[PDB]
Amino acid sequence: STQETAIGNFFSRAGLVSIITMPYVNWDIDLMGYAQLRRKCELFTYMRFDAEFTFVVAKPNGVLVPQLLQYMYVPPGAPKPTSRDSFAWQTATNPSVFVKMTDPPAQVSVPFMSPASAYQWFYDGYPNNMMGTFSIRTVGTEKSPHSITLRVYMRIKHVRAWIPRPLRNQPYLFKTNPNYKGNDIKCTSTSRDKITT
Amino acid sequence: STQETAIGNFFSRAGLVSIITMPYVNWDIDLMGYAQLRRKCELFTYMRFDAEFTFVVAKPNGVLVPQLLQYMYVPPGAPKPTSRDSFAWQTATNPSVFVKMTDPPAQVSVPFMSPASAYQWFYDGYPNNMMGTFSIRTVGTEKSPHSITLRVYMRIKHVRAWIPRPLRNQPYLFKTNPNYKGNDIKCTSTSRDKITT
Amino acid sequence: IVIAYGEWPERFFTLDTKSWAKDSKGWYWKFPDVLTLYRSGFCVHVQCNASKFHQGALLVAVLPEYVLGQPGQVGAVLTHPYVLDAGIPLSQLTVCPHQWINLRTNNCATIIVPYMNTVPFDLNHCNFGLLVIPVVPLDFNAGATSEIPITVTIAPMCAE
Amino acid sequence: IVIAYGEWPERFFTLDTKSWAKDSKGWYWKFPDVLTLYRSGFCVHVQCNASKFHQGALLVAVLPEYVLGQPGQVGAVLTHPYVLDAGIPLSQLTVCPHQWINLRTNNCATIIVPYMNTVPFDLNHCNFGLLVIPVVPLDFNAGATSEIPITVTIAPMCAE
Amino acid sequence: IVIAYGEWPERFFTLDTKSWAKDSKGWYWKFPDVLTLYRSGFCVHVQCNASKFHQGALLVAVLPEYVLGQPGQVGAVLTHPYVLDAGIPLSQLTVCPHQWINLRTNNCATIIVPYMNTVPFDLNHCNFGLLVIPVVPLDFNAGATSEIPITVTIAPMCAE
Amino acid sequence: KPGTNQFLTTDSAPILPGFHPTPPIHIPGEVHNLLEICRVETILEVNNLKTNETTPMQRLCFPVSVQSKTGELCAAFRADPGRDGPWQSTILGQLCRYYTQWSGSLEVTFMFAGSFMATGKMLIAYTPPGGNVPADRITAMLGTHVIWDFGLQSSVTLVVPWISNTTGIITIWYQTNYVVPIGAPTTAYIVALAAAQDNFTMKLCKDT
């Protein structure tokens, strides 16, 4: 039927969005990361949705160790932590989750967070759609003896899209705005030798 | 809507209330601890609520170890323990909880416990609102070989407030009564140069 | 009339008249100490008579459970009225029931305060204070009276 | 007439006439900058008069939130019309509301565009662009007029 | 209120406040110059606030087609107020619509003036003037304010 | 399912099942919403000069004197409760620091505190966000303004139409000079009060 190509199905099957290595870190949420998903999102102009993240953690070489961690979420308006022992890690306005490494991955959602009514992938004027910021650290006053690396998977639920626009063919240059290489424009299709075949 | 600023929401999102290090300890319950929450509670005069504590335990450096613990709660009227091998640890009137370190944190509530009908943050007369006392020790006759540190998180549920009063601007001096520095009073607002701008 | 928190309680004692000078800071009284098991309301009434050539502005307001940082019938004098001598700033004293004694306008202010305590029935506990703060300093030309009196009248209501 | 996304909005300003030569690339205008809190629609009207001995094909189409890779009333000239100067290819510009100005056939095209923004009410934000692209290059025999003018008419609709 | 010749016309612009000294002579304004085809009425409103220890008497009166023998918003000052600077004596200015600003009594005066011209519709023609004359000189004891301000408020009525 | 044995703070077995807590009473005065607190006028601090830090009791009012000429600016301040400045000393400004996004209308009330025999006029003008502060009284009069005379009324209220979170600026002008009879003081003070309207809201929680 036609249900296999609906807008809900087209934005499912949560995939990798970022990989973090800690041989404290800050990773702001940005869907315009890997070019595979950026081109898919750039099809429409206005999109409204919410996410559901999942953190699978493990030391390098893959082995697991009994260590306790803390993932901390920061709303758009808040001071981000700047040290391993700041007051941000203790303020309670911004929630946090505690989970041991030898446990199932921590699953947590995040609602549609914006002063406007929908996200804007294209803004024509001058200064806006920040989604938050995650902070990861190992709980304890001393220094952890084990290196960790974690990868973040993100899903999209309750998707609504507006005002479709043409896709993109030129390679990307920056993660914030669409400048291309205006001297080596690559054509869309392949090339024949003479138009008879 | 207006539900985002109700009294119930304003006193949620359990945050850190105390950190204890055991390289037996007693920690009496006192909401008037960290100045971040003290100023928020001091807005009203009479408050009625109950709490829900959570103990996340781990050795320093963050690693977890298979050790058995005992958190013990003491009602307002009771003899507090004074040694590792007292009869208080064995009397059954005051409840206790046993949980291993390599386990999810122990969650436990506590009802509205007071002879009066509401807590009083400001008492004008002479002698009253004690909430209890928690005691933590490692189960066993011998001495434990591993140092532990635990942090206590506390939530507030079913909040009712009465008789709002002006907030506080001067820095705190003592944890029990409101004396300020009566020689270096700090103004509330900033300062201009001339009142025309 | 202003009713504290919109709840009715369910002789005419006249205290000594404090003198308001040109450099005064304020006064406060504790209740029910000033009139010396217990359960009663009150009807506070403050009057400040002055000529039409004077100017000023008082701020009379109650404050339940007003701790400091037993005056009696005489009263007391604040030391740092900006922080109300308790840390709370004066600029937000208006949250509590209050009235203005603007000398250009009416010179009387009455407040009805019901019983406000955590127990149904109560001599060592003072329920609420009564603060009088000269927000706008008083000024006059030379030759006029240098002191403007203020009178406080207390009437117990629904005592038991 | 063509209505953008099938939604009605709920004077006759005539801009300068650009000259279409035999080697021109294109033009674009930003709105509501070209007519210089805000909430209004528009009624774009483009006319291209030419003799019966000329040939060509224009493509006029709006594009909401058209970022580049403030022209004003004069307009601007694209540099690489194949990629619309923004990375998106021209061959799929037809997704947006559009019209054809085939010179062998009708020479007028009108587009009704309603308000399309994420907030109910809005001078620094440009809502949509208006692109005119000569998909088929214009050609003529020698001796005829070398420039064919194009006229753009803008009429605000349901302004507030 | 006083209606000029008993005929109703069929924002609140506040002009600069002139200062009335102890030796002033008078002021006048021209209309509709002071607020800078035309057809409109007006609602003049003059207020003169002063203490109860001052005395005086003003005379505010309109005068259609008041020629002299374009001030603007500021106004102007008469040179010989006895002859109204136009030959006509002040003692019979009462024929035109007028009011008294006796300081012992009310201190406000409002005049409603309709359109009065020989053509149904009219920037170079001034319809009427507005004269303020201190008939009784102002006096006060030493130490009081030496200048008493006067405020003029203009409100167009039934403009077209 | 993934997401077990995790301690999400923003999310219990009783310890004394047999205990019956004390039943409540009818203590008069209860707040159900914080909006009931931000709806009462509080004293603003307009005289926030740098010389009043030593004696902070004079910052609650600004003076008017006979020395000032007519048509002269008296005081001016913005209308942004969140930002630092005069709005720090009010309960609305203090409570707005606990939240992130706020919107709604505002109202500001003044109160004359001079003698009974003093009369005059003062012009209060508010300009919408986006523009510039008026340079002349004649320029300010064309915009939104309220003419206030303290010889008749003792308090007037100006309502700000709409604010949101490039801020509106309010001004107080000198319509007429300060007049006063002989035997009365030559200086008067004005106190300003501010409060929120019935459509003020806040969205996100924060910590000061």
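As recorded in the PDB header, cryo-EM is the method behind this entry, and the stated resolution is 3.36 Å.

S.K.: Whenever I open this one, the overall build of chain A confuses me. Can you help?
M.R.: Within chain A, the regular secondary structure consists of 2 helices and 9 strands. The linear arrangement of helices and strands in chain A, starting from the amino end, is α-β-β-α-β-β-β-β-β-β-β. Computed over C-alpha atoms, the radius of gyration of chain A comes to 21 Å, more than 25% over the 16 Å expected from 2.2 N^0.38 for 197 residues, which places it beyond the range of a compact globule.

S.K.: Looking at this structure, I do not really get the overall build of chain F. What am I missing?
M.R.: Each helix and strand counted, chain F has 2 helices and 11 strands in total. Traced from its N-terminal end to its C-terminal end, chain F shows the element sequence β-β-β-β-α-β-β-α-β-β-β-β-β. The C-alpha atoms of chain F give 23 Å as radius of gyration, which overshoots the globular expectation for 208 residues (17 Å, by more than 25%). Each principal axis of the C-alpha atoms in chain F carries an extent, and together these give about 80 × 40 × 35 Å.

S.K.: Would you mind going over the interface of chain B and chain F with me for this structure?
M.R.: By a widespread convention, an interface's size corresponds to the accessible area lost as its parts come together. Facing the 47 residues of chain B at the interface are 52 residues of chain F. Residue assignment for the side of chain B that touches chain F shows that the elements contributing at least two residues are α1 (7–10), α2 (35–41), β3 (44–58), β6 (106–110) and β9 (148–164) of chain B. Per element, the largest residue contribution to the side of chain B that touches chain F is 6 residues, and it comes from β9(B). Residues belonging to the side of chain B that touches chain F are distributed by class as follows: 26 nonpolar, 14 polar and 7 charged.

S.K.: Looking at this structure, I do not really get the arrangement of the chains. What am I missing?
M.R.: Counting contacts across all 7 pairs of chains that touch, the top pair turns out to be chains B and F. For chain B and chain D, which are not in contact, the least C-alpha distance works out to 18 Å.

S.K.: Sorry if this is basic, but what is going on with the interface of chain C and chain F here?
M.R.: Contacts between chain C and chain F engage 33 residues on the former and 32 residues on the latter. Element by element, the count of residues in the side of chain C that touches chain F is highest for strand β10 (residues 128–139) of chain C, at 5 residues. Partitioned by chemical class, the residues of the side of chain C that touches chain F number 19 nonpolar, 10 polar and 4 charged.

S.K.: Sorry, what's going on with the sheet that holds strand β10 (residues 128–139) of chain E here?
M.R.: One key point about sheets: their strands pair by backbone hydrogen bonds, in either a parallel or an antiparallel sense. All names here are of chain E. In space, the 5 strands of this open sheet follow the order β7-β4-β10-β6-β8, with antiparallel pairing throughout. Where the open sheet ends on each side, the last strands, each with one partner, are β7 (76–77) and β8 (98–100). With 5 bridges joining them, strand β4 (residues 27–31) and β10 adopt antiparallel strand pairing. Residue pairing across strands places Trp 29 opposite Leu 130, the latter belonging to β10.

S.K.: Mind showing me how you'd approach the sheet that holds strand β8 (residues 133–138) of chain A here?
M.R.: Strand order in this open sheet of 5 strands is β2(A)-β8(A)-β4(A)-β5(A)-β1(F), and the pairing throughout is antiparallel. At either end of the open sheet lies a strand with only one pairing partner, and these are β2 (25–28) of chain A together with β1 (7–8) of chain F. The sheet contact formed by strand β4 (residues 68–74) of chain A and β8(A) spans 6 bridges and is antiparallel. Opposite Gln70(A), over in β8(A), you have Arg137(A) as the bridge partner.

S.K.: Mind showing me how you'd approach unusual backbone geometry here?
M.R.: Phi is mostly negative for residues that are not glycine, and the peptide bonds are mostly trans. Here the residue pair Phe31(C) and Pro32(C) is connected by a cis peptide bond, since its omega of 0° sits within 30 degrees of zero. With phi around 55°, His158(A) is a residue other than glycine that occupies positive phi space. In this structure, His158(A) sits in strand β9 (residues 148–164). Even without being a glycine, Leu84(C) presents a positive backbone phi close to 55°.

S.K.: Where do I start with the packing of aromatic side chains in this structure?
M.R.: For any two aromatic rings, the description comes down to two numbers: the centre-to-centre distance and the angle of the planes. Pairing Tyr73(A) with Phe134(A) gives two aromatic rings, centres 5.0 Å apart and planes at 35°, and the pair type is tilted. On the numbers, 5.1 Å between centres and 10° between planes, the contact of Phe31(E) with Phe128(E) is stacked. Lying over the aromatic face of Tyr172(A), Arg168(A) brings its terminal NZ or CZ to 4.5 Å of the ring centre.

S.K.: How should the environment of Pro86(F) be read in this particular structure?
M.R.: As for its position among the elements, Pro86(F) is in the loop between β4 (75–78) and α1 (91–95). Linking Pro86(F) and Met122(F), residues 36 residues apart in sequence, is a C-alpha distance of 21 Å.

S.K.: Sorry, what's going on with the pairing of strand β11 (residues 148–154) of chain D here?
M.R.: As a general feature of sheets, a regular strand has side chains that alternate between the two faces. Residues and elements named next belong to chain D. Strand direction decides the pairing type here: strand β2 (residues 13–14) and β11, joined by 2 bridges, are antiparallel. Its bridge partner being in β11, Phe 13 is matched across the sheet by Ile 154. Two elements, strand β3 (residues 18–20) and β11, share 3 bridges in a ladder whose sense is antiparallel. In the sheet register, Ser 19 faces β11, and the bridge partner there is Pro 149. Summarising the sheet, strand β5 (residues 42–47) and β11 pair through 4 bridges and their orientation is antiparallel. Paired with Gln 47 across the bridge in β11 is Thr 151.

S.K.: Sorry, what's going on with the environment of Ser135(A) here?
M.R.: Residues and elements named next belong to chain A. Assignment of secondary structure puts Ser 135 in strand β8. Setting aside residues up to four positions removed in sequence, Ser 135 forms contacts with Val 25, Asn 26, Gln 70, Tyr 71, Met 72, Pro 81 and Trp 89. Side-chain polar atoms of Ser 135 contact the side chain of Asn 26, separated by 2.6 Å.

S.K.: In this structure, what is going on with the environment of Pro71(E)? I would like to understand it.
M.R.: All names here are of chain E. When you line up the elements, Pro 71 lands in the loop between β6 (55–64) and β7. Along the backbone, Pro 71 and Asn 106 are 35 residues apart, and their C-alpha atoms lie at a distance of 29 Å. Once you skip the residues sitting within four places of it in the chain, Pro 71 turns out to touch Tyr 28, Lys 30, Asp 33 and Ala 76.

The rules behind each value
Residues numbered from 1 in each chain as written, not as in the entry; some residues may be left out. Chains lettered and ligands numbered in written order. Part of a larger assembly, values for the part shown. Heavy atoms only, no water. Residues with missing side-chain atoms left out of burial classes, pairs and counts. Helix = DSSP H or I, 4+ residues; strand = E, 2+ residues; numbered from the N terminus. Rg over C-alpha atoms; globule rule 2.2 N^0.38 Å. Contact = heavy atoms within 4.5 Å. Nonpolar A, V, L, I, M, F, W, Y, C, P; charged D, E, K, R; others polar. Pairing = 2+ DSSP bridges. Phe/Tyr/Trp six-rings, centres within 6.5 Å; stacked < 30°, edge-to-face > 60°. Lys NZ or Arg CZ within 6 Å of the ring centre and 35° of its normal. Polar contact = N/O pair within 3.5 Å; in protein donor to acceptor, adjacent residues only side chain to side chain.

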